[PDB]
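Only one chain comes next, encoded as C-alpha coordinates, the form deposited in one PDB entry.
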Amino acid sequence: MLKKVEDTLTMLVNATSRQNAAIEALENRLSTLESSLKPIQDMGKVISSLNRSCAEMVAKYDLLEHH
(Lines give C-alpha, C1' and ligand atoms only; values in the text may rest on other atoms or scores of the structure.)
Protein backbone atom coordinates (compact mmCIF):
# COMPACT_ATOMS: atom_id res chain seq x y z
CA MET A 1 0.00 0.00 0.00
CA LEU A 2 2.58 2.50 1.36
CA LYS A 3 4.97 1.94 -1.57
CA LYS A 4 2.97 3.99 -4.04
CA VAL A 5 2.82 6.78 -1.37
CA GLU A 6 6.46 6.87 -0.35
CA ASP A 7 6.98 7.08 -4.10
CA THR A 8 4.38 9.74 -4.79
CA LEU A 9 5.82 11.83 -1.97
CA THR A 10 9.35 11.61 -3.42
CA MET A 11 7.82 12.71 -6.65
CA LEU A 12 6.46 15.93 -5.21
CA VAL A 13 9.54 16.83 -3.17
CA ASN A 14 11.54 16.62 -6.38
CA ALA A 15 9.00 18.49 -8.36
CA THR A 16 8.61 21.21 -5.79
CA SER A 17 12.33 21.58 -5.65
CA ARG A 18 12.26 21.90 -9.45
CA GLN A 19 9.91 24.81 -9.06
CA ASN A 20 11.84 26.51 -6.27
CA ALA A 21 14.55 26.53 -8.89
CA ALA A 22 12.32 27.74 -11.63
CA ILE A 23 11.46 30.64 -9.41
CA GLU A 24 14.98 31.54 -8.34
CA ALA A 25 15.76 31.41 -12.01
CA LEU A 26 12.89 33.87 -12.56
CA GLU A 27 14.14 36.38 -10.07
CA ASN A 28 17.53 36.71 -11.75
CA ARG A 29 15.67 37.21 -14.97
CA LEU A 30 14.01 40.11 -13.21
CA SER A 31 16.97 41.74 -11.44
CA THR A 32 18.47 41.81 -14.91
CA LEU A 33 15.49 43.67 -16.28
CA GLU A 34 15.68 46.10 -13.48
CA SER A 35 19.28 46.86 -14.21
CA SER A 36 19.03 47.15 -18.01
CA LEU A 37 16.73 50.02 -17.23
CA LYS A 38 19.33 52.25 -15.86
CA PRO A 39 20.44 53.49 -19.33
CA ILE A 40 16.76 54.33 -19.88
CA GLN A 41 16.46 56.20 -16.60
CA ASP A 42 19.60 58.12 -17.66
CA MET A 43 18.15 59.16 -20.95
CA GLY A 44 15.11 60.49 -19.16
CA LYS A 45 17.26 62.67 -17.05
CA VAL A 46 18.79 63.93 -20.35
CA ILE A 47 15.38 64.78 -21.88
CA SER A 48 14.57 66.65 -18.71
CA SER A 49 17.72 68.64 -18.72
CA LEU A 50 17.03 69.34 -22.33
CA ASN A 51 13.55 70.57 -21.78
CA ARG A 52 14.89 72.94 -19.12
CA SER A 53 17.78 74.08 -21.37
CA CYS A 54 15.28 75.02 -24.12
CA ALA A 55 12.61 76.65 -22.07
CA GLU A 56 15.45 78.67 -20.55
CA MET A 57 16.44 79.85 -24.03
CA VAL A 58 12.87 80.92 -24.82
CA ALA A 59 12.73 82.95 -21.63
CA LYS A 60 16.15 84.41 -22.63
CA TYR A 61 14.70 85.26 -26.05
CA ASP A 62 11.31 86.67 -24.96
CA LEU A 63 13.37 89.35 -23.17
CA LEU A 64 15.78 89.84 -26.02
CA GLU A 65 12.93 90.00 -28.49
CA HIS A 66 11.30 93.30 -27.51
CA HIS A 67 14.42 95.14 -28.73
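Residue numbers run from 1 along the displayed sequence. Just so we're on the same page, rigid core means the largest C-alpha set that superposes within 1.5 Å between forms.
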{"query": "Selection by C-alpha B-factor (highest) of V46, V58, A25, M11", "finding": "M11"}
{"query": "Cα B factor band for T32 (lowest, middle or highest third within the chain)", "finding": "middle"}
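Below, we turn to the form deposited in another entry, even though it does not appear here.
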| query | finding |
| --- | --- |
| Out of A21, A15, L9, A59, the residue that alone shifts its CA by 2 Å or more between this form and the one not shown when the rigid core is the reference | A59 |
| Did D42 shift 2 Å or more between this form and the one not shown, C-alpha, core superposed | yes |
